[PDB]
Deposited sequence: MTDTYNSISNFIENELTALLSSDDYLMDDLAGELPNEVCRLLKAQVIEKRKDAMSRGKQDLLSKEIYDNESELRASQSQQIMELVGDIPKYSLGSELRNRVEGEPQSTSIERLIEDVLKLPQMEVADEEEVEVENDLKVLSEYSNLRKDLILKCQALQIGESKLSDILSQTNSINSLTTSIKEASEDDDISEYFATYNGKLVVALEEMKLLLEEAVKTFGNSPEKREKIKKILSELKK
């Protein structure tokens, strides 16, 4: 972040500022003034393009170009590291559970995200594999339990419909006595119906209305 300004500030305030102030005229600690001014005049005379304020801008741009060409290799090699399940491949709710604050919990989207995460530090790899297996078993048991709950709900619906129907058709609160004596109401029914067949065997003695009686019996016992 802002490396060009740091390079140019290094070039200006550390390289040119030290090679100009005391690197030219303050060399007389080991020494008169005339020979030091002559050598300083020759030095600033036969140098006046290298330490300009416009050549060092080009050198700063060249140093930035070198560091950008070295940063390019590091950026294209920093994405080819050990990836370890990166983003854009998990589900929506998984990568919302990563960042925190989901604000809306669901079960269908969580199931569709858990049944989508891939498979494979090695102890953490085994722990993640066991956790993936456990969560997939959670989703399997969730779907099986939901289907069995719908089936048992329809079952209790039919049971409650039968009990409400017999309570309305009886209106006497004798539901337990209804099933126990259902055999009793049927043994007196077929015994009394045999008396009607005995009264219709050799009393009418017909042959054309017998077909109508047989059709009425076989269409009332079936329709």
request  = Would you flag the ranges of the deposited sequence that the structure leaves without C-alpha positions?
outcome  = 1, 33-34, 124-135
